[PDB]
Amino acid sequence: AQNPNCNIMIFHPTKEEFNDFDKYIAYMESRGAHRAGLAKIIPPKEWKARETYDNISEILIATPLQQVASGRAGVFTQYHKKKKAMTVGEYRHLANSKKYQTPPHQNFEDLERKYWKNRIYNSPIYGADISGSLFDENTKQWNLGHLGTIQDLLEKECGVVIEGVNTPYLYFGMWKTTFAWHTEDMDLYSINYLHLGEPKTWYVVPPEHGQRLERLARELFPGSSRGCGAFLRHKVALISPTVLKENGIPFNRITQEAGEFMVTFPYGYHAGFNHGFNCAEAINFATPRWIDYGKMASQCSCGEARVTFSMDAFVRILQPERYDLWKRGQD
Ligand code: NI
Ligand SMILES: [Zn+2]
């Protein structure tokens, strides 16, 4: 029972330890990293996702989303308004303009205070959920497009490809661009690499305390709780760290810099924001340990959020001795 305080652990793999992705995930879990819900991984010195980040200005952001928030005192609901297509070059210019740029700050505590206090103002534009990857095909270690985990069973056994789940998503962010409180689809793991730019702050609740966050969310959004039994699947709730601390919700905060990986573990609730212009890439993955989490993931009741995929192939192939038991439990 390592990591008793559910601290966010930072890992420094050697070049050799960076070869087998699944093996390093298991090593991190042997150290209790998953208890925090998130871990940071610093890649070895000479490792690189790609040679250079030139020629990225021409990338198409077909549907940038304006993230409109409404609320106050650290509790907000966010909705996405569709905007017209832009290039990464135009987006970077907009992010670095006087209206959207990172406001002056003394330190993190000051920037964090400005983000939570002024959230309803100057609704940021997020170049989120773009199908694609910036990892060079030559990169053979921790290439998000080719992690080689058991999640490959979805496409291998069923021919099912879901954008962002088993294919990478690119995210071009700007100051105040936000990711609302959520666990991954099917309570999968996720991995995020910050290719370039300004930091990304993450808030994370330890998986053992996930229900405490759900209880607080039900009390903060009573209308949403009456309509859906898993409304955090909607991914629209913003809850500040001050509100978490006031309500005794255990959490940790860590900031991710460019060149660093962040891994989220099954049922690790997380939320955060981008400090300024940046580009991150993310994808889901799975291990044999996740199958029990996937089998029990609470799904959206109202239909606003999807039931991403069936657990059938995973149970039938990787837990065959428990397949009939799983089937009887599904009715
Ligand atoms: Ni996530
Ligand atoms: Zn719902």
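We number each residue from 1, going along the chain as drawn.
Yeah, the Cβs are placed from backbone N, Cα and C, and that goes for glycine too.
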Which residue among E16, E137, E208, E214 does Swiss-Prot mark as polyADP-ribosyl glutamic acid?
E16
Among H105, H146, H270, which residue does Swiss-Prot annotate as binding Fe cation together with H182, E184?
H270
Quick one: which of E17, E109 has polyADP-ribosyl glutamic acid in Swiss-Prot?
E17
What's the CA to CA span in angstrom from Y126 (2-oxoglutarate binding site) over to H234 (Zn(2+) binding site)?
18
Hey, of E17, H182, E184, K200, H270, which of those recorded positions are within 10 Å of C300 (Zn(2+) binding site), Cα to Cα?
none
List those of the recorded positions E16, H182, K200, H270 whose Cβ lies under 6 Å from any atom of ligand 2, in sequence order, or write none if there are none.
none
Of these recorded positions, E16, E17, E184, which scores lowest on Cβ atoms within 10 Å?
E16
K200 (2-oxoglutarate binding site) has how many other Cβ neighbours within 10 Å of its own Cβ?
25
